[PDB]
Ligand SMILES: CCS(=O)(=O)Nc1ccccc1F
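Take a look at this one chain, the form deposited without N-(2-fluorophenyl)ethanesulfonamide, written out in structure tokens.
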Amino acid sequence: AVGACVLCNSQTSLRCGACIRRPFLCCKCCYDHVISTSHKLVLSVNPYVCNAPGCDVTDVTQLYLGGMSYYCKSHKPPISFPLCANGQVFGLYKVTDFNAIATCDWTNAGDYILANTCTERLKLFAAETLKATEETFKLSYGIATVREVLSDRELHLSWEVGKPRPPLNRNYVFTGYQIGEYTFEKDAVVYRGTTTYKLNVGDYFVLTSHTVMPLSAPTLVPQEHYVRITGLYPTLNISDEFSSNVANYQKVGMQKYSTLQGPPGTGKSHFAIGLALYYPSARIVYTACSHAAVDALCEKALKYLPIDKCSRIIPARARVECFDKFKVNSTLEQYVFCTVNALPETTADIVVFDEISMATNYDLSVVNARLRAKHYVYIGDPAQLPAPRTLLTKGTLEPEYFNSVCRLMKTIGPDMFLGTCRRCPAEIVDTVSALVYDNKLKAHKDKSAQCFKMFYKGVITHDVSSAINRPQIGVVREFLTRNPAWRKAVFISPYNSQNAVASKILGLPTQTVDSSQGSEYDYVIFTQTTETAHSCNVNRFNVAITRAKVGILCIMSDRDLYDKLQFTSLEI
């Protein structure tokens, strides 16, 4: 129990017994915590509890030191000293924000705002506390035992009574029993088991509650600016392809860490891989939270970098199918592509952390702890979607509060900005540029004249909380008959249930706005479904319409976002 204070690093025997993470608190700051919160249990080698037999006094403000032992007001000897006095809690080696992080339930937006505006040590305390809270919340759900196997992709479930049911969507990954991880979608239920094992009747699934490890490394290392490119060796033979990024690659070598805001289709993956061509001797570790983001970096590297110097790091618990074209699990390769949670303990000349809006401060810290690099590059877009915060139910999380990197990008601005969108028709670029990019995003493509909008509220039904709008899907069906080229479109909506219905009625491939992030398609059909805060969220709206390379049909519910759309309006 010998440690350093989470608020002023002073060595202490004291560690708050009422905090879920039991943080070490020094004498002077353990006091401010206990005297202004419900937290009154103080721990040491021997905790602060009345030593008298059968006494239940554990509140440090009601305890005293009687020689070498502790007692309450009823058991103390005449020569005793209160543990709480003169703004201190008695201990060896003798705050409003810390109190809020230590006591909050993580269901309010203001809890995440604070977890991002506090000191660096408090950012790690908040991240550790939040993740531990998110995990103890998984224990708080109902178990599902298999009743009958219908076919190879459909089954029927019997749920635990008296305990709430977790959301049936592609946002909750169960763990069957040890039959591998399983997922569920909209009595006919759809089963997506990662391991192809015939779901035996009787076997059960349970949500993967994993232990929350302590954070040590900061979310962002201290920033250093250099006068020359440091530890990196540039090429004078850089292909014209990557010529536009030379000044930004140099900026990368002249700073400890750099932020790159790249709107959709502005060249983030091209920049990340071109940085390897600009410093061809540099060992680069490419990291992101999801397997999809790591795989998209692998795809771009396959085109520009030598395959024998690349390696895809895949964990022993190989959860889903990922990139198969690099030598698997060779940690020593010049180019290492691996997700944040599977990162080995290694060093690099550059670490590239892609899709930074999806990172949490927990992820940021983990990367700083497993990777010791000369340079760190954070690539993403605060105008895109953040990681879902399962506990957050009240208020909206603004982009400046997604993580430490997003906070910098939204407050001081990003170090580098990719200003030309090359993917989208100009109608889409013009709309999102004005919506979330302060008119700084430019279109490379001309208008496609294939970007349409229809204002149609329809009828909103629900499958628990996931929404469905059958009339909006009906309008899409009518549109498809009159527009056969749209037969190849991807159907996108903010709700899994809407997508399940559209898959059956339209036969189009389906994506939620959140799973479409990072992907692109020629044609996109978007139904807004509802006018909720979820479906009207400007970041989600931005991701949704920026998936299209050629055309987009938007069936809207919200007048505001419909009027912003610089698309041709349709009637019916």
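In this text, residue numbers run from 1 along the sequence as written. Definition used throughout: the rigid core is the maximal C-alpha set that superposes within 1.5 Å between two forms.
The protein also exists as the form solved in complex with N-(2-fluorophenyl)ethanesulfonamide; that form is not presented, and the subsequent description refers to it.
In the deposited complex, N-(2-fluorophenyl)ethanesulfonamide sits within 4.5 Å of a heavy atom of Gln88.
At a distance threshold of 4.5 angstroms between non-hydrogen atoms, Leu199 is out of contact with N-(2-fluorophenyl)ethanesulfonamide in the deposited complex. Using a 4.5 Å cutoff between non-hydrogen atoms, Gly458 does not count as a contact of N-(2-fluorophenyl)ethanesulfonamide in the deposited complex. Of the heavy atoms in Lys76, none are within 4.5 Å of N-(2-fluorophenyl)ethanesulfonamide in the deposited complex. Residues of just one listed stretch (104-112, 146-154, 189-197, 312-320) have heavy atoms within 4.5 Å of N-(2-fluorophenyl)ethanesulfonamide in the deposited complex: 312-320. Of the residues given (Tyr93, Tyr226, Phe81, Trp159), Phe81 alone sits with a heavy atom within 4.5 Å of N-(2-fluorophenyl)ethanesulfonamide in the deposited complex.
In terms of contact with N-(2-fluorophenyl)ethanesulfonamide in the deposited complex, the residue from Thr117, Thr136, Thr331, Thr235 that brings a heavy atom within 4.5 Å is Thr331. Annotation for 330-369: interface residues with N-(2-fluorophenyl)ethanesulfonamide in the deposited complex are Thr331, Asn341, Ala342, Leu343, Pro344 [heavy atom within 4.5 Å].
Superposing the rigid core between this form and the one not shown leaves a single residue from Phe526, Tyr523, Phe541, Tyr48 with a C-alpha shift of at least 2 Å: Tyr48. For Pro280, the Cα coordinates differ by under 2 angstroms between this form and the one not shown after the core has been superposed. Core-superposed comparison between this form and the one not shown: the CA of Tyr71 exceeds or equals a 2 Å shift. Comparing the forms between this form and the one not shown, the C-alpha position of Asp514 differs by less than 2 angstroms, with the core used for superposition.
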